[PDB]
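S.K.: Quick one: structure below, then a few questions.
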Amino acid sequence: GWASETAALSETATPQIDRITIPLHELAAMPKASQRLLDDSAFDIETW
Amino acid sequence: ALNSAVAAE
């Protein structure tokens with residue numbers, strides 16, 4: 001304001017607030033693997 | 001990685 005000595009001090013502004021929404025989506029992968037391939041593979045297909 | 005019958009898969 002820069003108030004004067006005697007000026008009937010008036011009220012000043014106040015910040016206006018904004019709200020931002022983060023919808024928090026999901027990301028999914030579903031690989032299909034044959035059960036016999038998992039059993040007779042020399043490589044650990046489950047950890048790969 | 002599936003169906004061990006197929007070579008490329």
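Following the order of the structure tokens, first chain is A, next is B, and so on, with residues numbered from 1 inside each chain and ligands from 1 in the order they appear.
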Contacts of region 2-7 of chain B at 6 Å or less, counting only C-alpha atoms, minus same-chain residues fewer than 5 places along, as a VMD selection string?
M.R.: chain A and resid 33 to 34 37
S.K.: Residues of chain A were defined as contacting chain B if any atom lay at most 10 Å from it, counting only C-alpha atoms; please report them as a PyMOL selection string.
M.R.: chain A and resi 31-38+40-41+45-46+48
S.K.: Taking the DSSP secondary structure from the backbone, can you list the residues of chain A that are alpha helix (DSSP H), as a VMD selection string?
M.R.: chain A and resid 35 to 39
S.K.: Got time to write the residues from that selection, C-alpha atoms, as a tab-separated table (two decimals), in the first residue's frame?
M.R.:
```tsv
chain	number	residue	atom	x	y	z
A	35	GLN	CA	4.18	-73.15	-19.99
A	36	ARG	CA	6.34	-75.72	-21.76
A	37	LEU	CA	8.72	-73.03	-22.97
A	38	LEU	CA	9.16	-71.94	-19.36
A	39	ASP	CA	9.90	-75.50	-18.24
```
S.K.: Rank A:43, A:30, A:21, A:13 by their smallest atom-to-atom distance to residue 1 (chain A), using only C-alpha atoms, and report the top residue only.
M.R.: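 The answer is A:13, which sits nearest to residue 1 (chain A).
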